[PDB]
Amino acid sequence: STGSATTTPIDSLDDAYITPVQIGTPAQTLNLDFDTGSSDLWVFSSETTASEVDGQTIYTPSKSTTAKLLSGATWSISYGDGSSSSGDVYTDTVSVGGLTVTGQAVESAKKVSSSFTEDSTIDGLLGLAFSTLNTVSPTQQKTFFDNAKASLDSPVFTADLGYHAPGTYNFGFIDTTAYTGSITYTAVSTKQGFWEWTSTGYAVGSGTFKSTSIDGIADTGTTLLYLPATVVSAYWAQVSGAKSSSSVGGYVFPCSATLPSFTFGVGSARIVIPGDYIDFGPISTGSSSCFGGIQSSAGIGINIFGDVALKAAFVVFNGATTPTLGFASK
Ligand SMILES: NCc1ccc(C(F)(F)F)cc1
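Peer 1: Is there a simple way to explain the sheet that holds strand β17 (residues 262-266) in this structure?
Peer 2: Think of a sheet as strands paired side by side through backbone hydrogen bonds, with each pair either parallel or antiparallel. Ordered by their spatial adjacency, seven strands build an open sheet running β18-β17-β12-β13-β22-β14-β21, and the pairing between neighbours is mixed. Edge positions in the open sheet fall to β18 (269-273) and β21 (294-296), since each of these has one partner strand only. Looking at each pair of strands side by side, their axes are set apart by 45 degrees on average, direction ignored. Bridge count between strand β12 (residues 196-204) and β17: three bridges; the pairing is antiparallel. Bridge assignment links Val204 to a residue of β17, and that residue is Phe262.

Peer 1: Got a minute to help me understand the nonpolar core in this structure?
Peer 2: Among soluble globular proteins, nonpolar side chains are generally buried collectively. Of all hydrophobic cores here, the largest spans 68 residues; its most connected members are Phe171, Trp236, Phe262, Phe264, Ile273 and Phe327. Among the domains, domain 1 (5-174) and domain 2 (175-330) are the pair contributing at least three residues each to this core. Ignoring sequence-local partners within four residues, the contact set of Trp236 consists of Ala242, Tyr251, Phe253, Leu259, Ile278, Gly292, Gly293 and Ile294.

Peer 1: Help me understand the site of the ligand in this model?
Peer 2: The environment of the ligand is formed by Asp33, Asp35, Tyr79, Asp81, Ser83, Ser115, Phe116, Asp119, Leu125 and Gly221. Within the backbone of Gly221, a nitrogen or oxygen atom sits 3.0 Å from a nitrogen atom of the ligand. A total of 320 Å² of accessible area belongs to the ligand in isolation, and the protein chains cover 82% of it. Of all the secondary structure elements, the ones that give two or more residues to the shell around the ligand are β3 (28-35) and α1 (114-118). Its residues placed into classes, the shell around the ligand shows three nonpolar, three polar and four charged.

Peer 1: So what exactly am I meant to see when it comes to the packing of aromatic side chains here?
Peer 2: Aromatic ring pairs are defined here through the distance separating the ring centres and the angle between the ring planes. For the coordinates displayed, the defined rule picks out 26 aromatic pairs. Through pairs of rings, three or more aromatic residues link up here, namely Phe34, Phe130, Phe144, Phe145, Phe157, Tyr169, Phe171, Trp195 and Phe317. The side chain of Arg270 reaches across the aromatic face of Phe209, ending 3.7 Å from its centre. When the ring centre of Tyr277 is taken as reference, the NZ or CZ atom of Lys311 above it lies at 5.7 Å.

Peer 1: Would you mind going over the pairing of strand β13 (residues 210-218) with me for this structure?
Peer 2: Two faces belong to every sheet, and in a regular strand the side chains alternate between them. Here β12 runs beside β13; their pairing, made up of six bridges, is antiparallel. Looking across to β13, one finds that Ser199 is bridged to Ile214. Following β12, the chain reverses through five residues before pairing antiparallel with β13; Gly205 in that reversal takes a positive phi of roughly 55 degrees. Across three bridges, the pairing between β13 and strand β22 (residues 303-305) is parallel. Bridge pairing links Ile217 to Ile304 in β22.

Peer 1: What is the right way to look at the sheet that holds strand β16 (residues 250-254) in this model?
Peer 2: Taken together, four strands build an open sheet; the order of strands is β15-β16-β20-β19 and the sheet is antiparallel. Both outer strands of the open sheet, β15 (243-245) and β19 (279-282), are each paired with one neighbouring strand and no more. If you compare each strand with its neighbour and ignore which way they point, the axes differ by 40 degrees on average. Here β16 pairs with strand β20 (residues 289-292) via three bridges, running antiparallel. What sits directly across from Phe253, in β20, is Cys290.

Peer 1: Please clarify how the domain arrangement of the protein should be interpreted in this entry.
Peer 2: How big an interface is tends to be stated in terms of the accessible area lost upon association of its parts. Per the domain assignment, the segments of the protein are domain 1 (5-174) and domain 2 (175-330). Of the residues forming the side of domain 1 that touches domain 2, the biggest block, five residues, is contributed by strand β9 (residues 156-160). A per-class count over the side of domain 1 that touches domain 2 returns 18 nonpolar, six polar and six charged.

Peer 1: Can you walk me through the UniProt feature "disulfide bond" in the protein in this structure?
Peer 2: The UniProt disulfide joining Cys255 and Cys290 is present here, with an S-S separation of 2.0 Å. Here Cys255 is found in the loop between β16 and β17, whereas its partner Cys290 is found in strand β20, with 35 residues between them in sequence.

Peer 1: Explain the environment of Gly293 here, please?
Peer 2: Its location among the elements puts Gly293 in the loop between β20 and β21. Residue class for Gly293 comes out buried when judged on its relative accessible area of 0%. Between the alpha carbons of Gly293 and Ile278 there is a distance of 4.3 Å; along the sequence they are 15 residues apart. When neighbours within four sequence positions are excluded, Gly293 is seen to be in contact with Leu224, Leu225, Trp236, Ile278, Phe280 and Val308.

Peer 1: It is not clear to me how the UniProt feature "active site" in the protein should be interpreted in this structure. Could you clarify?
Peer 2: Feature annotation in UniProt places "active site" on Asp35 and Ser199, given in this structure's numbering. With respect to the helices, strands and loops of the structure, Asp35 is situated in strand β3. On the accessibility criterion, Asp35 (5% relative accessible area) is buried. Once residues lying within four places of it in the same chain are set aside, the contact partners of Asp35 are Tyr79, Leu125, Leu126, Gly127, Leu128, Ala129, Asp219, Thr220 and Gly221. You can see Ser199 is positioned in strand β12. Not counting chain neighbours up to four residues away, the residues in contact with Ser199 comprise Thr212, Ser213, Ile214, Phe264, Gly265 and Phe305. At a separation of 3.5 Å, a polar atom in the side chain of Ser199 contacts the main-chain carbonyl oxygen of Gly201.

Calculation rules
- Residues numbered from 1 in each chain as written, not as in the entry; some residues may be left out.
- Heavy atoms only, no water.
- Residues with missing side-chain atoms left out of burial classes, pairs and counts.
- Pairing = 2+ DSSP bridges.
- Helix = DSSP H or I, 4+ residues; strand = E, 2+ residues; numbered from the N terminus.
- Axes fitted to C-alpha atoms, helices over the stretch in contact; angles between N-to-C directions.
- Core = buried A, V, L, I, M, F, W, Y, C linked by side-chain atoms within 4.5 Å.
- Buried < 20%, exposed > 50% of the residue type's maximum accessible area, 1.4 Å probe, protein only.
- Domains from an automatic or database assignment.
- Contact = heavy atoms within 4.5 Å.
- Near = heavy atom within 4 Å.
- Polar contact = N/O pair within 3.5 Å; in protein donor to acceptor, adjacent residues only side chain to side chain.
- Areas by Shrake-Rupley, 256 points an atom, 1.4 Å probe, with all protein chains shown as cover.
- Nonpolar A, V, L, I, M, F, W, Y, C, P; charged D, E, K, R; others polar.
- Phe/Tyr/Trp six-rings, centres within 6.5 Å; stacked < 30°, edge-to-face > 60°.
- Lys NZ or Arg CZ within 6 Å of the ring centre and 35° of its normal.
- Disulfide = S-S within 2.5 Å.
- UniProt positions renumbered as here; feature names shortened; annotations may be inferred.

Next comes the structure, spelled out in structure tokens:
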């Protein structure tokens with residue numbers, strides 16, 4: 001079996017992407033943020049604290065004939081940006097673009113942090129990292145991808161994110177019309193539970209390629225590209241007037257500047273991120289200072305290939321016995 005769903009940016013900056021998901025019987029459609037950096041399927045629900053809901057579509061397990069309360073199970077998650085949520089667990093039927101999984105753990109939020117309340121367009125998250133990161137206690141639960149795996153024609157999912165435009169998440173197959181040239185595959189380490197891989201280097205604009213190992217994670221749930229301080233400094237040194245600002249919390253640049261492109265290596269292949277993708281607009285309404293899409297990972301502890309990098313390529317997440325990541329130009 002296969003699945004295919006359109007993913008759409010939530011705003012004009014591509015801060016996040018939402019994909020419609022059918023949960024329960026009869027179907028209750030919620031717009032979820034597909035996150036390859038986490039492993040919990042959690043949703044806003046009829047149980048969420050009323051004051052912490054501001055425009056989101058909620059899941060109502062009492063209206064679903066296939067919803068079962070997972071007796072005694074709880075969940076609690078803390079994200080890298082300081083956001084969090086927790087609650088109880090149900091099992092229900094979940095479908096993504098025609099691909100159906102019965103008995104999927106649907107984590108019902110009882111409490112959510114302000115950053116989720118403020119994002120009215122995001123009804124929850126669908127975790128696509130390895131199931132070892134799932135927070136359900138006392139019995140850990142599997143991700144949607146892990147449950148669909150045996151039914152899929154091929155144990156893969158692909159991410160084709162659009163730049164200021166809709167894109168696609170495919171499950172079970174590789175659309176050969178979605179990319180140009182060849183797909184280059186690279187090894188994945190599952191030791192930390194992420195789609196962790198090693199980039200072979202970088203180039204800034206039309207500069208010389210610098211061969212250097214950059215260990216990082218392919219994360220659809222993170223907006224920006226977080227790279228080592230040395231790399232980020234070399235990129236922003238090519239933008240006249242750019243500087244790191246402690247009040248803003250990162251590199252800012254004059255909104256009138258032209259940004260050079262950024263190239264990252266995948267084995268012997270190169271993925272070029274156009275400079276326009278690195279512009280995240282004014283730091284505040286009316287400001288002539290713009291926020292950069294390439295920031296330092298020194299305060300995070302891990303390098304993150306977020307939406308800025310992934311949207312410049314067709315990305316294959318191969319969940320075979322030995323996982324690999326494929327990258328192709330598009
Ligand atoms: N990396 C997971 C993640 C995704 C979205 C959000 C936000 F912005 F919606 F709160 C926080 C954390």
